[PDB]
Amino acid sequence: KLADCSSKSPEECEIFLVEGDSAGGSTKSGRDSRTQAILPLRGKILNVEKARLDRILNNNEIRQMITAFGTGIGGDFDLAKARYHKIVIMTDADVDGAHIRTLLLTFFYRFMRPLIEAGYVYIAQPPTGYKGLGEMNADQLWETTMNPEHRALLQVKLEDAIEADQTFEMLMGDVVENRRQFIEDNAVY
């Protein structure tokens, strides 16, 4: 599933995590194959906050990301072994895309935290006009979201580890009531 880049110098290499093969094809055609890799996901990915370790380690999508990043996970994580110094989240420009992004960030925070701390995790900013990235032509996906000369990438920053720990547990954990209370308190209709 991984459509890797030519270069083997991780400092200049970027990996784009897209939602499906519909966005994958566009991304593969539009990219700079020398420094940009594409990893198409399979829609909604496993929530590691609700899953046990055996299920996480057996999940094909989670495995594919670990293999592609080349760092290893948890206590065995090695930042020097990172295959890309830019891990770019490029989900579709819809509410489900926002959900996949939360699920991806949950996985990186709980299994690859030093990757966030090193500033390797990014969020792509595609235009609002199209929902599915498959709706976009390869040239417009390049110019607006992948071209380093014109793109606007958001570098994911970790400020407070205690606050982040509580945020991931509340939003993604098994306790429905704290999530329901968060919605009630912050919902703007």
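Residue numbers here begin at 1 and follow the sequence given. What we label the rigid core is the largest C-alpha set whose atoms superpose within 1.5 Å from one form to the other.
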**Asked** Taking RMS over all structures and residues, which stretch has CA atoms farther from the shown form in 9 other deposited structures of this protein, 91 to 99 or 104 to 112, after a rigid core fit?
**Response** 91 to 99
**Prompt:** Rigid core superposed, root mean square over structures and residues, which stretch has C-alphas farther from this form in 9 other deposited structures of this protein, 168 to 176 or 13 to 21?
**Reply:** 13 to 21
**Asked** Which is higher on average in the deposited entry, the C-alpha temperature factors of 31 to 39 or of 125 to 133?
**Response** 125 to 133
**Asked** Given the B-factors recorded for C-alpha atoms, which segment has the greater mean, 168 to 176 or 7 to 15?
**Response** 7 to 15
**Prompt:** In this PDB entry, which of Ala118, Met90, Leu105, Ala98 has the top CA B-factor?
**Reply:** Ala118
**Message:** Sorting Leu141, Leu46, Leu57, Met65 by Cα temperature factor from the record, which one lands on top?
**Reply:** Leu57
**Prompt:** Lowest, middle or highest third of the chain for the C-alpha temperature factor of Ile183?
**Reply:** lowest
**Message:** What third of the chain does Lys157 rank in for C-alpha temperature factor, lowest, middle or highest?
**Reply:** highest
**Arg151, C-alpha B-factor rank within chain (lowest, middle or highest third)** = middle
